[PDB]
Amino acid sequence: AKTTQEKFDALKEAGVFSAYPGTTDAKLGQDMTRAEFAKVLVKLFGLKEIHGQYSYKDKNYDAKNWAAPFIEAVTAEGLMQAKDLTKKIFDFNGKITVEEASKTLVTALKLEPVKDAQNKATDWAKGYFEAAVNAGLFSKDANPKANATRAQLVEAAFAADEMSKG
């Protein structure tokens, strides 16, 4: 049974995960931005980067933003969307939460959100989070509302990859 560090090392060699920005450290206890996680999803699921399209109005979300091709890909794929459909705000620099990551992976894996889900998650996410817990993507005592640690994201990505091979 691989450790989180072993899983990270496998995913890093595969080009799916990177070290913590500006370092060579895995920093498994640190958090991850929504921008960085969009890139993880693109690499994990083999999505095509989308250049020259901008679906959001966040300040400094434009052609100079390195993450736009990744964010656009996960948007086109239906994995991520805005937090605010009026102002069209993705919150690219906000940290990805456990329940947000759960939605992306449940969606990519074509798992059914759980009806009548009763758990700690924000209302919109209860079904997604429950499906992710039931599939072993996050541990049962993970806080859906917390920022996901890099460890948790490695564990979840690794399990998603295992579920995508066949």
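Counting begins at 1, following the sequence as shown.
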Problem set entry | Of 17 to 25 and 140 to 148, the one with larger mean CA B-factor | 17 to 25
Exercise. So 68 to 76 or 82 to 90, which one's hotter by mean CA B-factor in the entry?
Worked result: 82 to 90
Exercise. Which listed residue, 51, 103, 43, 110, has the largest C-alpha temperature factor in the record?
Worked result: 110
For this session: Specify which of 99, 31, 36, 116 carries the largest Cα B factor in the deposited PDB entry.
Result: 116
Seminar exercise, completed: So, residue 63's CA B-factor, relative to its chain, sits in which third? The highest
